[PDB]
2 protein chains.
Amino acid sequence: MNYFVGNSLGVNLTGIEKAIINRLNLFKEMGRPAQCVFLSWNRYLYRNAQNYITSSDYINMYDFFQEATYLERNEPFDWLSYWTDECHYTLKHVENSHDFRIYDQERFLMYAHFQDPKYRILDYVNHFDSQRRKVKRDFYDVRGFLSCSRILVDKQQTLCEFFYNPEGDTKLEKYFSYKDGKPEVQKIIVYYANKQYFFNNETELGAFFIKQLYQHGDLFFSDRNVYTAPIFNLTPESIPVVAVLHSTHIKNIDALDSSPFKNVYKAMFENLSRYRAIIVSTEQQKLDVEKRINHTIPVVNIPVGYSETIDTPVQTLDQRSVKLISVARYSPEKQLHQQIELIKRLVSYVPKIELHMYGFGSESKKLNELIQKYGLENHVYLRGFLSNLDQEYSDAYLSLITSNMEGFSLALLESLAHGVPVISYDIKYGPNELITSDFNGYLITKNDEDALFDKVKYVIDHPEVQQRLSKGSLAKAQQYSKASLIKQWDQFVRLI
Amino acid sequence: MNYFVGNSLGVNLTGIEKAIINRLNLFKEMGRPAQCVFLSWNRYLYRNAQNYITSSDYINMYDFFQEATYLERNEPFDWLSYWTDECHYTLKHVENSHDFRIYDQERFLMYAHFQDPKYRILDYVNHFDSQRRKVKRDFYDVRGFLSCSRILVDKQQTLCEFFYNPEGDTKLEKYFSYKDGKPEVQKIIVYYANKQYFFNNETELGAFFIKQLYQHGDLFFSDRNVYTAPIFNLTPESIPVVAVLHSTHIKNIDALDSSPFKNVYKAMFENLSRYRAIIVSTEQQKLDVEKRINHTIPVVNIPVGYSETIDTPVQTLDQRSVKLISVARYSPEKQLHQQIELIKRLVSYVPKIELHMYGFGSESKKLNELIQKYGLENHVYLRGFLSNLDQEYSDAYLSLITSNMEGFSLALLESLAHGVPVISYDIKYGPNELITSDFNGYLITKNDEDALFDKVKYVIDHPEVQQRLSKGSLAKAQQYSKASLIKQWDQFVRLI
């Protein structure tokens with residue numbers, strides 16, 4: 001059995017999360033058993049994984065110990081008719097919210113919070129004593145069951161939390177002591193195998209959990225090396241684990257030799273004999289990493305992404321309008337302001353020009369402030385993250401990348417696959433390998449926005465070039481075919 | 001069903017505890033159903049009640065909610081062979097103790113404490129985090145099961161405790177906030193009837209518990225009015241409760257009218273309409289209480305004690321030795337130093353004179369310091385509390401009372417029943433009613449130790465008087481026959 005250990009799945013899948021799900025889906029078609037492992041306690045992981053993987057394709061560490069691994073949404077429960085009718089409570093609704101303040105004849109007992117406005121998903125219930133101190137907090141799983149009660153000291157500080165199975169029995173206790181005004185774990189108690197287990201740390205918990213999963217002939221893959229690497233260090237070398245680096249390995253990629261390893265990858269680099277091999281997306285990173293590693297351990301380039309069959313419309317270009325697209329999380333590294341600037345000084349040459357920015361991150365408000373400021377309300381659109389952008393690549397003229405560090409770009413390959421050529425700063429890793437300037441898009445010089453504006457403008461000018469590049473895009477997309485990577489993965493696993 | 005609500009049973013039965021058990025044993029022979037109710041959380045109440053009542057004669061409030069009402073000692077468990085063999089722990093024994101320090105390969109996890117030296121009764125286990133902070137304490141019932149985990153904050157302060165049933169499910173949560181450097185309850189959560197219940201206070205818990213017990217035609221009796229009276233105040237008047245006063249009702253018994261009610265009985269006196277009637281031991285206290293109450297509610301004198309069949313030896317007096325006896329808890333009110341003094345200045349007239357002081361309280365060390373100081377090692381004996389003093393009344397010449405306030409004296413009647421006359425300061429209540437000077441012992445003037453010494457000396461001088469008084473002792477013992485009180489109790493219950 002092959003295990004792809006990450007942290008968890010977001011509401012919006014991240015680059016690492018999409019890469020993991022891709023490995024799983026290839027291993028599915030290949031015929032080899034595989035499973036995603038998730039370490040992070042997250043009571044919405046059921047909802048988050050529904051449109052991508054089955055509850056049997058994943059084990060969550062906390063679910064495992066909560067005997068809630070492969071549990072489904074149970075039947076919905078009317079919490080409000082329970083409280084009113086059954087409990088003879090009264091429910092003062094909080095205004096502009098899915099919240100409530102529960103009372104028993106003028107005794108304030110609890111503050112209820114729901115996710116949804118239909119009041120079907122109970123999020124948390126907060127408990128109060130005689131003097132309206134918030135003593136205890138009850139968190140609920142999206143599948144219904146009470147997952148975790150947390151106990152508060154002083155200023156709503158976390159003293160300890162208790163994780164329950166869906167039947168209500170305690171399976172896990174965590175004891176917090178406040179270091180640097182933030183709750184640090186100091187004791188963990190795990191009820192498992194009709195026995196009591198003690199760990200000082202969530203890492204020690206991580207290690208225990210792996211040793212349970214592990215049978216002889218099973219293989220691990222560490223994908224959030226921040227958390228996964230420290231967990232594997234406390235695991236016997238007898239247990240094979242393969243490092244997977246999801247990005248650039250060093251702080252400044254221009255200083256190949258005189259640069260520290262990223263805080264995230266420092267642990268695995270320190271214990272390089274622990275890992276059977278290490279996997280990057282790009283040939284360059286295999287070469288660069290192996291030199292820095294000095295060939296202590298084998299390195300392989302298997303790309304996080306692949307091209308699949310296209311059974312939606314490709315390159316149906318309305319000759320009157322020009323759709324440019326960014327498909328990138330709204331984070332600072334992606335430098336999406338430069339694209340709003342580019343569209344600023346480009347409307348006068350191409351009016352009825354549109355830029356559709358697919359993603360949701362932290363820079364949402366900062367980005368929105370510019371599209372407003374420059375009057376680009378009717379030309380630039382902050383389209384929320386969405387999977388199945390196949391209908392959204394159909395009328396796309398170009399893809400833009402203006403990030404500075406990317407590693408393999410999943411959104412870059414996805415563009416080429418839909419025959420949409422991409423104009424990207426010439427950075428490491430990914431764009432270099434995936435783009436041949438004047439083959440399937442252009443490599444621009446880093447942060448050289450005038451070069452950027454010139455080529456984007458040139459490409460909007462001669463559609464004969466867009467069509468030529470759009471062809472070669474599909475061509476390049478094929479070298480990363482689902483077959484190319486099923487084999488490439490199968491060969492890698494067999495050698496190990 | 002008749003319920004006799006107290007707090008709990010000690011290792012050593014108190015006057016209130018013995019009085020309650022007596023009521024129960026009379027109601028047994030009478031044929032009316034009865035049960036002791038105990039409010040106090042005490043995990044040794046099983047052991048404490050074994051030689052006096054059956055687990056079906058008593059309901060403990062916490063046992064009730066812990067689904068541990070009428071549970072027996074389960075089979076003994078080798079905690080040390082569990083920890084060594086099963087858990088692969090190592091057990092560093094603490095010297096001069098039934099304690100242990102549990103370790104997992106040099107990780108200090110828990111401090112184990114047993115009651116017994118056979119290491120069969122596990123008392124408590126204390127839990128430690130990475131930095132040897134005492135985070136959590138596990139208390140065990142004497143019947144085996146984990147009763148209560150307690151969670152500690154700051155300086156081993158109680159933040160909250162969780163009460164479990166023997167199967168391990170949580171039945172009760174208590175949340176503490178520190179007022180005046182001592183843990184005060186502020187929230188209680190009770191899992192009962194497949195529902196959640198909230199109380200601010202242990203009194204509110206007390207009231208709830210009663211309303212569950214109570215069926216139509218059931219009768220209550222409040223015997224620790226400190227705790228029981230406040231509990232009954234929050235109970236519907238529909239529920240009959242009868243006050244039972246176990247002592248003198250006022251702070252100074254000499255100030256019948258210009259004296260405050262005792263802190264212990266203040267609550268019932270404030271809510272006198274709540275109680276259907278009020279029961280004292282002595283006729284005098286019925287008269288005194290009814291005048292102070294102004295006859296708002298009926299008062300009855302039913303004595304806490306009775307005389308039973310004597311099938312052990314009575315008055316087998318070794319003519320060469322003189323055994324005097326105190327049968328009184330070693331507390332200050334009993335003034336037992338005066339008896340050590342009396343024996344001091346009495347050895348020279350009666351050498352080979354013995355005083356046997358049956359009791360255990362707080363004054364043990366203070367009392368022992370005098371028997372030592374005055375060289376009375378071979379004449380005065382601090383015999384630990386013991387029930388079945390029937391073999392111990394056999395060679396008794398006299399009983400001494402030198403207390404100042406007593407109410408009915410159980411040990412006084414018990415003396416008379418064994419034909420042992422008693423010499424007692426002339427106090428309220430009890431001695432006045434039970435002793436007729438020159439009938440069955442003598443009433444001495446309060447704290448008049450020279451009068452005391454004179455009569456005790458006179459009675460040791462003429463054994464013809466001891467025999468005459470010893471007869472009339474048995475005579476008086478009969479007026480308080482088990483039959484006299486079965487009837488007296490039956491008449492009282494029927495009128496109500």
# chains A, B, ... in the order shown; residues from 1 in each chain; ligands from 1

call {"tool": "residues_around", "arguments": {"residues": "residue B:231", "least_positions_apart": "6", "cutoff": "7 Å", "atoms": "only C-alpha atoms", "output": "PyMOL selection string"}}
result
chain B and resi 203-204+206-207

call {"tool": "interface_residues", "arguments": {"of": "chain A", "to": "chain B", "cutoff": "6 Å", "atoms": "only C-alpha atoms", "output": "MDAnalysis selection string"}}
result
chainID A and resid 129:130 186:187 200

call {"tool": "write_last_selection", "arguments": {"atoms": "N, CA and C atoms", "output": "CSV table (one decimal), in the first residue's frame"}}
result
chain,number,residue,atom,x,y,z
A,129,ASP,N,-20.7,29.6,32.8
A,129,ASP,CA,-21.0,29.3,34.2
A,129,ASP,C,-21.9,30.5,34.7
A,130,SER,N,-22.3,30.4,36.0
A,130,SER,CA,-23.1,31.3,36.8
A,130,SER,C,-22.8,32.8,36.5
A,186,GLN,N,1.9,19.7,25.6
A,186,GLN,CA,2.9,19.2,26.6
A,186,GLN,C,2.6,17.8,27.0
A,187,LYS,N,1.4,17.3,26.9
A,187,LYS,CA,1.0,15.9,27.1
A,187,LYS,C,-0.1,15.5,26.1
A,200,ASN,N,4.6,13.6,24.2
A,200,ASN,CA,4.9,15.0,24.7
A,200,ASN,C,4.4,16.0,23.7

call {"tool": "residues_around", "arguments": {"residues": "stretch 264-271 of chain A", "least_positions_apart": "4", "cutoff": "10 Å", "atoms": "only C-alpha atoms", "output": "short mmCIF file (atom, residue, chain, number, x, y, z; two decimals) with N, CA, C and O atoms, in the first residue's frame"}}
result
data_model
loop_
_atom_site.label_atom_id
_atom_site.label_comp_id
_atom_site.auth_asym_id
_atom_site.auth_seq_id
_atom_site.Cartn_x
_atom_site.Cartn_y
_atom_site.Cartn_z
N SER A 222 6.27 11.75 1.81
CA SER A 222 6.21 12.93 2.71
C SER A 222 6.04 14.19 1.84
O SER A 222 6.98 14.48 1.07
N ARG A 224 4.09 17.38 2.89
CA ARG A 224 4.24 18.61 3.71
C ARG A 224 5.46 18.40 4.61
O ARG A 224 5.24 18.04 5.78
N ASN A 225 6.68 18.56 4.09
CA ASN A 225 7.89 18.10 4.81
C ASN A 225 8.09 18.92 6.10
O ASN A 225 8.82 18.44 6.97
N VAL A 226 7.43 20.07 6.22
CA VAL A 226 7.33 20.88 7.48
C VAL A 226 7.03 19.93 8.64
O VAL A 226 7.82 19.92 9.61
N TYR A 227 5.92 19.19 8.54
CA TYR A 227 5.33 18.34 9.61
C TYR A 227 5.71 16.87 9.42
O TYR A 227 6.01 16.19 10.43
N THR A 228 5.66 16.39 8.17
CA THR A 228 5.82 14.95 7.80
C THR A 228 7.26 14.50 8.07
O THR A 228 7.42 13.39 8.59
N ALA A 229 8.25 15.34 7.74
CA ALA A 229 9.69 15.00 7.89
C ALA A 229 10.01 14.72 9.36
O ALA A 229 10.43 13.61 9.69
N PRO A 230 9.76 15.67 10.31
CA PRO A 230 9.95 15.39 11.74
C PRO A 230 9.25 14.11 12.24
O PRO A 230 9.83 13.43 13.08
N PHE A 232 8.64 11.39 10.43
CA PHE A 232 9.34 10.20 9.86
C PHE A 232 10.68 9.97 10.57
O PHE A 232 11.09 8.79 10.66
N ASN A 233 11.32 11.03 11.07
CA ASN A 233 12.61 10.96 11.81
C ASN A 233 12.48 10.00 13.00
O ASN A 233 13.46 9.27 13.26
N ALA A 243 10.79 11.28 0.20
CA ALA A 243 10.59 12.74 0.18
C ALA A 243 9.99 13.18 -1.16
O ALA A 243 10.43 12.68 -2.22
N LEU A 245 9.40 17.00 -2.69
CA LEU A 245 9.53 18.47 -2.59
C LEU A 245 8.52 19.10 -3.54
O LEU A 245 8.54 18.74 -4.73
N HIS A 246 7.70 20.01 -3.02
CA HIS A 246 6.57 20.61 -3.77
C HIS A 246 6.93 21.98 -4.33
O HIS A 246 6.13 22.49 -5.13
N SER A 247 8.10 22.51 -3.99
CA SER A 247 8.56 23.83 -4.47
C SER A 247 10.08 23.91 -4.53
O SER A 247 10.76 22.87 -4.30
N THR A 248 10.58 25.11 -4.87
CA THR A 248 12.00 25.56 -4.74
C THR A 248 12.52 25.26 -3.33
O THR A 248 11.81 25.59 -2.35
N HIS A 249 13.72 24.68 -3.24
CA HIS A 249 14.25 24.04 -2.01
C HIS A 249 14.99 25.06 -1.13
O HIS A 249 15.21 24.74 0.05
N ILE A 250 15.31 26.25 -1.66
CA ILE A 250 16.20 27.25 -1.01
C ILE A 250 15.51 28.63 -0.99
O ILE A 250 14.57 28.83 -1.78
N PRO A 260 20.66 29.16 2.36
CA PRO A 260 20.10 28.17 3.27
C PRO A 260 18.86 27.48 2.67
O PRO A 260 18.15 28.09 1.88
N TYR A 275 15.40 9.05 4.03
CA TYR A 275 14.51 9.05 2.84
C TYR A 275 15.16 8.24 1.72
O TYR A 275 16.32 8.50 1.38
N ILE A 278 14.19 11.16 -3.29
CA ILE A 278 13.52 12.49 -3.18
C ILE A 278 13.02 12.89 -4.58
O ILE A 278 13.78 12.74 -5.55
N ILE A 293 22.81 18.29 -2.67
CA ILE A 293 22.78 17.08 -1.79
C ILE A 293 24.13 16.36 -1.93
O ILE A 293 24.54 15.72 -0.95
#

call {"tool": "residues_around", "arguments": {"residues": "residue B:443", "least_positions_apart": "6", "cutoff": "7 Å", "atoms": "only C-alpha atoms", "output": "list in words"}}
result
residues 423, 424, 425, 426, 435 and 437 of chain B

call {"tool": "residues_around", "arguments": {"residues": "residue B:409", "least_positions_apart": "4", "cutoff": "9 Å", "atoms": "only C-alpha atoms", "output": "count of residues only"}}
result
9

call {"tool": "select_by_dssp", "arguments": {"residues": "stretch 87-303 of chain A", "states": "strand (DSSP E or B)", "output": "number ranges by chain"}}
result
A: 90-93, 99-104, 107-114, 122-128, 134-140, 146-153, 157-164, 170-179, 182-192, 195-199, 219-222, 241-244, 250, 261, 278-280, 299-301

call {"tool": "residues_around", "arguments": {"residues": "stretch 75-81 of chain B", "least_positions_apart": "5", "cutoff": "12 Å", "atoms": "only C-alpha atoms", "output": "CSV table (one decimal) with C-alpha atoms, in the first residue's frame"}}
result
chain,number,residue,atom,x,y,z
B,86,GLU,CA,1.4,-5.2,29.8
B,87,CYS,CA,2.5,-1.5,29.6
B,88,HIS,CA,6.3,-2.2,29.7
B,89,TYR,CA,6.6,0.6,32.3
B,90,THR,CA,9.1,0.5,35.3
B,91,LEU,CA,7.9,1.1,38.9
B,92,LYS,CA,10.3,3.0,41.2
B,93,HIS,CA,8.8,2.4,44.7
B,98,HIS,CA,2.1,2.3,49.3
B,99,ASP,CA,3.0,4.8,46.5
B,100,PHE,CA,4.9,4.5,43.1
B,101,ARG,CA,6.5,6.7,40.4
B,102,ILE,CA,5.6,5.2,37.0
B,112,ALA,CA,0.4,6.0,41.8
B,113,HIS,CA,-1.0,5.9,45.4
B,114,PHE,CA,-2.6,2.8,47.0
B,118,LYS,CA,-1.0,-5.4,49.6
B,119,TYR,CA,-1.4,-2.8,46.7
B,120,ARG,CA,-5.0,-4.1,45.9
B,121,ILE,CA,-6.8,-0.7,46.5
B,122,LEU,CA,-5.6,1.9,44.0
B,123,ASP,CA,-6.4,5.4,45.5
B,124,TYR,CA,-5.3,8.0,42.9
B,125,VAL,CA,-2.9,8.3,39.9
B,142,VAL,CA,-12.9,1.5,46.6
B,143,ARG,CA,-15.1,-0.9,44.4
B,144,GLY,CA,-12.4,-0.5,41.6
B,145,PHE,CA,-13.8,1.8,38.9

call {"tool": "decode", "arguments": {"residues": "stretch 117-193 of chain B", "atoms": "C-alpha atoms", "output": "short mmCIF file (atom, residue, chain, number, x, y, z; two decimals), in the first residue's frame"}}
result
data_model
loop_
_atom_site.label_atom_id
_atom_site.label_comp_id
_atom_site.auth_asym_id
_atom_site.auth_seq_id
_atom_site.Cartn_x
_atom_site.Cartn_y
_atom_site.Cartn_z
CA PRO B 117 0.12 -2.28 51.61
CA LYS B 118 -1.03 -5.40 49.61
CA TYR B 119 -1.37 -2.81 46.70
CA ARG B 120 -4.96 -4.07 45.92
CA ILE B 121 -6.83 -0.70 46.50
CA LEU B 122 -5.62 1.93 43.95
CA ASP B 123 -6.44 5.37 45.52
CA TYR B 124 -5.29 7.97 42.92
CA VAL B 125 -2.88 8.33 39.93
CA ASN B 126 -1.38 11.81 39.21
CA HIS B 127 -0.49 12.73 35.58
CA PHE B 128 2.54 14.82 34.46
CA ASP B 129 3.40 16.56 31.11
CA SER B 130 6.85 16.90 29.35
CA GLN B 131 7.91 19.48 32.05
CA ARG B 132 6.71 17.47 35.17
CA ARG B 133 3.64 19.75 35.80
CA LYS B 134 0.83 17.86 37.68
CA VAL B 135 -1.86 18.33 34.95
CA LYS B 136 -4.59 15.71 35.80
CA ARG B 137 -5.52 13.51 38.86
CA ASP B 138 -7.43 10.16 38.52
CA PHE B 139 -9.34 9.20 41.75
CA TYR B 140 -10.62 5.56 42.07
CA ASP B 141 -13.71 4.15 43.90
CA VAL B 142 -12.94 1.53 46.62
CA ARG B 143 -15.06 -0.85 44.42
CA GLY B 144 -12.41 -0.53 41.62
CA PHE B 145 -13.77 1.81 38.87
CA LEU B 146 -12.23 5.25 37.99
CA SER B 147 -14.77 7.66 39.64
CA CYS B 148 -13.35 11.18 38.91
CA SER B 149 -10.57 12.75 36.77
CA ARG B 150 -9.63 16.29 38.02
CA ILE B 151 -7.86 18.94 35.83
CA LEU B 152 -5.31 21.30 37.44
CA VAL B 153 -4.36 24.91 36.58
CA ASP B 154 -1.51 27.06 37.95
CA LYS B 155 -0.55 25.79 41.44
CA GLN B 156 -2.32 22.38 41.37
CA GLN B 157 -5.57 24.41 41.56
CA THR B 158 -8.83 22.54 40.65
CA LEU B 159 -10.20 23.94 37.32
CA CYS B 160 -12.77 21.12 36.70
CA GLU B 161 -13.55 17.47 37.64
CA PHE B 162 -15.32 14.79 35.50
CA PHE B 163 -17.32 11.96 37.19
CA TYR B 164 -17.54 8.69 35.22
CA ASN B 165 -19.69 5.53 35.59
CA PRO B 166 -17.87 2.19 36.06
CA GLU B 167 -18.00 1.57 32.23
CA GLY B 168 -16.13 4.95 31.76
CA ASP B 169 -18.88 7.21 30.22
CA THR B 170 -18.98 10.83 31.61
CA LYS B 171 -22.09 11.47 33.80
CA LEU B 172 -21.12 14.74 35.57
CA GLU B 173 -18.83 17.79 34.92
CA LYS B 174 -17.98 20.48 37.56
CA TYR B 175 -16.27 23.81 36.62
CA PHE B 176 -14.27 25.62 39.36
CA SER B 177 -13.25 29.32 39.61
CA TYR B 178 -11.06 30.33 42.63
CA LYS B 179 -12.76 32.66 45.19
CA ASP B 180 -10.73 33.46 48.41
CA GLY B 181 -7.93 31.03 47.31
CA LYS B 182 -10.40 28.05 47.35
CA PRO B 183 -12.22 26.25 44.48
CA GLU B 184 -15.94 27.32 44.25
CA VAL B 185 -18.32 25.46 41.82
CA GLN B 186 -19.88 27.75 39.10
CA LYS B 187 -21.28 25.22 36.53
CA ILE B 188 -22.47 21.57 36.77
CA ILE B 189 -23.37 19.42 33.69
CA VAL B 190 -25.35 16.19 34.45
CA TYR B 191 -25.94 13.51 31.75
CA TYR B 192 -29.22 11.82 32.86
CA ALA B 193 -32.36 10.51 31.02
#
